[PDB]
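Chemist: model this:
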Amino acid sequence: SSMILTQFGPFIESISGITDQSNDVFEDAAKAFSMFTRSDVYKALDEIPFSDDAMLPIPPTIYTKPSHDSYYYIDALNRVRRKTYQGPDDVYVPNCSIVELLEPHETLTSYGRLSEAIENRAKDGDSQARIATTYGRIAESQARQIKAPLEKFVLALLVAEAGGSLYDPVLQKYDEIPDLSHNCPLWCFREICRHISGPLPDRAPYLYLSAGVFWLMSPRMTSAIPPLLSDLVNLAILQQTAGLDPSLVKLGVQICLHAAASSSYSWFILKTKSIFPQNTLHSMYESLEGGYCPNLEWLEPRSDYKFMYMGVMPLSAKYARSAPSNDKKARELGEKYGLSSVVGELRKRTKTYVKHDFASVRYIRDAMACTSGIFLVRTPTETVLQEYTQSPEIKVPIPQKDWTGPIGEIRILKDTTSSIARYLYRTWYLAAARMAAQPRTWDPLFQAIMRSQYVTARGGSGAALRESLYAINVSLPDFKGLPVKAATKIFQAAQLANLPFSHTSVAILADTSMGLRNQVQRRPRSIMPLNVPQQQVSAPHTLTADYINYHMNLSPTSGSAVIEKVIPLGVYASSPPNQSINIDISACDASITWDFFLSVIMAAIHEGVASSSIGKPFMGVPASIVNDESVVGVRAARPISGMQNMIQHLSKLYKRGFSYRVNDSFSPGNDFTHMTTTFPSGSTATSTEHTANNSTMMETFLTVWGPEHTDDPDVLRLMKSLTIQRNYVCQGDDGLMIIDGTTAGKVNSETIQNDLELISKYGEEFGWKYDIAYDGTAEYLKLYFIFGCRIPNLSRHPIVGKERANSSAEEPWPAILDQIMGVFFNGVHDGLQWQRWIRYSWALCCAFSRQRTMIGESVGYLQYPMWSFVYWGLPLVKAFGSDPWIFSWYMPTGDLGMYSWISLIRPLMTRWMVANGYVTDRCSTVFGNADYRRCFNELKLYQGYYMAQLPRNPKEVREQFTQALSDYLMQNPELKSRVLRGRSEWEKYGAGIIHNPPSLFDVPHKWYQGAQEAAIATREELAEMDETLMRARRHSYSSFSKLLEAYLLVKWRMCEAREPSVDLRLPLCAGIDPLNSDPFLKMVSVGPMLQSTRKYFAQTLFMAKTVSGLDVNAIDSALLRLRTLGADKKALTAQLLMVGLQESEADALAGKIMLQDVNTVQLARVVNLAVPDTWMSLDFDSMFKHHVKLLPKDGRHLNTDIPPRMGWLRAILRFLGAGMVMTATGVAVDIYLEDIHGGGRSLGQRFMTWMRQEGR
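Modeler: Numbers count the residues shown, from 1 in each chain. See below for the structure:
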């Protein structure tokens, strides 16, 4: 587009599939991005001839806003607070003016920052100023919840889109996605800003800075503008990259405009966030007339989460939505927030989809992408006062007479009790007893593991611990002079290392420092991190909880990535005839208190643990004596174990309540301690504890309470057919009730409704407010599912958004590159339109690839070559004269991906290099007569390759510290003896074979390092990181990594396309349909991954877990490598002794490893090959097994044979073949090993040389 087209022309065509990509053009584009002034971006927006359809009414009230002053007040405790007007929730940042509170910036005369006078006036205690400073700071924070300046994302979008529609290589046609002249979000962005800038030359409404913000000194500017603008940019990009229906998009813009027009953007979004899902996802198929859905079989044991696809299930009226209607509630919500037209339109459109197919799920997805993606912001004071103020209402308390006399801090719940607690007790008691009876529980290694679990870089309320400890004349070492972040539990461990449990006991009752983390479409999450002594004492609670979750219920241990959220379960649960009820325990932490749960649990554990832990200490805590008034009248001193001693001290804290130290950085004068019964979120027990209570209560309801509260035959039948071991999956406060159907169709809806109401009333009995949703849909762990189809929720993954809870400065460049790559991978997982997405990412990466350096008056520039992004996982569009778009986003990362795209066009590269003067007389085994060495250096391919592999983070008291950490870990003498034995044994049988021996003695240094890396980098350190970068770009190379040079000796032949693994009319992931060719064909050919990835990979390790500080994958690599390198069994035994194992287990596991048939994935680690994250949603196990043939297409070749003792090659070879198959755009294809240059024998030695050389 003239200005844009003129400056990025060549780059635009190279990322559109018209021209080859080249570092020169990439870097010219990078220089262009960095020289583009901010206001020029807005001038570029001016050149776009917007269409009438991209316009909508912009509420004038968005620009004229009231003073912040009437929105705050000072409370009884003199804390600056938010003044409520629209309800209990109306506590976020208010939509007010801001200019009157700023002082012009020195150089940027049209921008201003919060008045320095107002802040000092506030610092000395003025009431009016404290209010203005709070508002100023909180509004700012709200404006900082992004990764970088919006202009970067917009500029990149303009550059990417100037390339016009993209030609799909498989469909053989251009996409019909509307150009920017039809992008309403972008049009709004331009108008809003233009209206605000008016005559001012500066076009930006605010400037995003490393730690703050400056606002354009316009009376038309508002605190609500940054969030609004941020939503608009995301929508603008998604409409072009997810091909979102432009008409649905305009609705989302309306909602945002209304949020800006209101008195509080963040509050408004919070109240209306359900609009799109409720009126689409939750109201689909009121009339089902056809289509297909998956037919999965849930394998046994159900706890393995392994499913098998059996075909499609023809849909008909039989399966039409039967869940309760929500039309009334939905419409009431709209009317209440001035959005009835939007709700009405959405409801009307939803009724038109009468078939369940790609079109309909894509419709839902599109609608759900329009929701605001801002990270809601409010002051910590507000979050603390709202999430820790109310207790649960126990409608049927545990009778006081049902407790015995005390046994120290606890009381036993009599068995004669009639309370529901009886059951919560039996379950925890049982579990405690079995947990404690396990021989492993008493193994020193296991206890070192439990003690290292919380020894991390994260904070542990260090300040309060030192204060509570200081209060008893117990001073802790200061380690004066150590460059480590003291505010880390690692540091805490070092300080406590040589003190008996008795000296730190009081620390168990010390205050807890509140942390914070903002969320999209949700209130802020509070972070209450316990201290080391507290965590230590929490072990019994945590262990018993794990036991329950491992042996007694159906639960998961998911993270935050889609790859680990058991996608298959949702598919199953949402496929008719099956049905699922989404159940949640609202205000879970505030509902697990002493009055009911904790007093019961502490008692059940304290007793269930008694006989097996009898006369032993535990994890450093000694046995003791407690006052026993258990038996009526009698009063003795009963001996208790170390384990019991812990529970005993823990009960005192749980019983007392918690003290949260609130340090509101945004509200001057708001420093206070808050006492509450609300449970800590940063305890090793939190999550697992809640998971166990969740299932225990659900089990009690299905077994006892429910049956006793109804005689309804149907409800009694439903109940009886459910079991917490088969039909209820839960994690923390989230639960999914899976009601399997029958041949007679699905279970009666009315019958389910009665069951749910019973469940609801049941919870009120013990203070739990269940949040039940029965809507024809499944929602578990933040993934949405309808009729067996996953609906990615794009609104939850803001492209420009970023969580910044505190006021610290953003991470220094180039951390942003890691985030931008993180943005790209989200697109791959969420199924955006592959070509539009790849092109956009390239524009985005290019726009951040350059950084300006000032080395004392000397001006320079850091520049990552385009090739670094490839190494990071970004597929090429077109190179070395190839066809465009032949590379898929499933191209592996690092060496495996480099090997894949190179092998795919190897002949091409050779031909191109020669054609361009890069020729030699020496014959390369890979590139023939091409002078590749000189080519890759000139094109910066080597430079980019090695630069990408550099860490993007600047890098006598030391001996004391490390030694302290060592005493902490090696506390138990028996454990140390094991490690020493391993060492002497190692010198005899393993030394020399490998140089990577993992060892507990390494942990102290591993921890120290982590405590160092946690500290904030120094100016010099940052400068050294840059120099390291420039050095790598200036150096000249002659080859890739040793591993990649070895993979390149392997050649393949791609043959017949695989037959479909799953029906082509079957929706598995909305957005991933015949309109998104590459992802759809890969999904169809390769097939979805039908098992929990956590359970799959747990089968690829010899040892599930180890001490925090060592890598289970590394240990598995050391063992397998020793085996490959011909080491003796005793060497593997030595290696296992060095990580804590007892000689007995050591010798056995070793002998087991020596004879085991290691499968592809696990063995592949001997050479650091990992299954790519992007592949986790597909059936990669099958690809490695049945579709990568290692027997040449036409028989056996001398070079392709596998030597007798190198069968481990097959594993490696499988990855290489799979790499190429997955990297090639289109249907997964069958690939056949064709050749190994120097033969399999030579190849093996080559990898063995690499195996034995690691870290010399």
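
Chemist: I'd guessed residue 621 sits against residue 500; true?
Modeler: No - look at residue 621 against residue 500 with Cβ atoms under 8 Å: they stay out of range, at 9.7 Å. The C-beta positions use only the backbone N, C-alpha and C, and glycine is treated the same way.

Chemist: Which one's more surrounded, these two?
Modeler: residue 621 (25 against 10; other Cβ atoms under 10 Å).

Chemist: Chain neighbours aside, what residue packs nearest to the more buried one?
Modeler: residue 642 (4.4 Å; Cβ to Cβ, 6 or more residues apart in numbering).

Chemist: next one: residue 1193
Modeler: With Cβ to Cβ, 6+ apart, the residue lying closest to residue 1193 is residue 1232, at 4.3 Å.

Chemist: Show me what whichever helix or strand that neighbour is part of pairs with in its sheet, parallel or antiparallel.
Modeler: According to DSSP states H and E, residue 1232 maps onto strand 1229-1236. For strand 1229-1236, the paired strands and their directions (DSSP bridges) read strand 1050-1057 (antiparallel), strand 1188-1189 (parallel).

Chemist: what would those look like in a markdown table with mean neighbour count and distance to residue 917?
Modeler: Listed next are the strands paired with strand 1229-1236 as a markdown table, based on neighbours: other Cβ atoms under 10 Å; distance: least, Cβ to Cβ, whole Å:
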| stretch | mean neighbour count | distance to residue 917 |
| --- | --- | --- |
| strand 1050-1057 | 16 | 26 |
| strand 1188-1189 | 20 | 37 |
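
Chemist: Neighbours of residue 687, how many?
Modeler: Residue 687: 18 neighbours (other Cβ under 10 Å).

Chemist: Kindly report the same for residue 8.
Modeler: 27.

Chemist: Output the contacting helices and strands for the strand or helix carrying it.
Modeler: In this structure, residue 8 sits in helix 3-14 according to DSSP H and E. Applying 3 or more Cβ pairs under 8 Å, 6 or more residues apart in numbering; DSSP states H and E, we find helix 3-14 packed against helix 23-35, helix 38-46, helix 150-161.

Chemist: Minimum distance to residue 610: which of the ones you listed has it?
Modeler: Residue 610 sits nearest to helix 150-161 of all the helices and strands packed on helix 3-14, at 60.9 Å, using Cβ to Cβ.

Chemist: ok, and what's touching the closest one?
Modeler: 1, 4, 8, 11-12, 15, 29, 33, 36, 38, 41-42, 44-45, 179-180, 186, 189, 204, 208, 229-230, 233, 236-237, 240, 799-800, 836, 839-840, 842-844, 846-848 (Cβ atoms under 8 Å, 6 or more residues apart in numbering).

Chemist: 6 Å instead?
Modeler: 4, 8, 38, 41, 44, 180, 229, 233, 237, 240, 800, 839-840, 843-844, 847 (Cβ atoms under 6 Å, 6 or more residues apart in numbering).

Chemist: Let me know the closest of these to residue 1103.
Modeler: The closest of those, once distances to residue 1103 are taken by Cβ to Cβ, is residue 844, at 40.7 Å.

Chemist: Now do the closest residue in space to the closest one that isn't next to it in sequence against residue 799, distance only.
Modeler: Ranked by Cβ to Cβ, 6+ apart and with sequence neighbours excluded, the top spatial neighbour of residue 844 is residue 156, at 4.5 Å. Separation of residue 156 from residue 799 (Cβ to Cβ, to the nearest Å): 10 Å.

Chemist: what about the two, which has more around it?
Modeler: residue 799 (25 against 22).

Chemist: Please name the residues that touch that one.
Modeler: Residue 799 neighbours (Cβ under 6 Å, 6+ apart): 234, 237, 823.

Chemist: likewise residue 398?
Modeler: 419, 421.

Chemist: Same question for residue 270.
Modeler: So residue 270 contacts nothing (Cβ under 6 Å, 6+ apart).

Chemist: Start the count at 3 instead of 1 going forward.
Modeler: Sure, I'll start counting at 3 from here, so that last one is residue 272.

Chemist: Name the secondary structure element that contains it.
Modeler: Taking DSSP H and E as the criterion, residue 272 maps to helix 267-274.

Chemist: picking up where we left off before, out of the strands paired with strand 1231-1238, flag the one nearest residue 628.
Modeler: Of all the strands paired with strand 1231-1238, strand 1190-1191 comes closest under Cβ to Cβ, at 63.2 Å.
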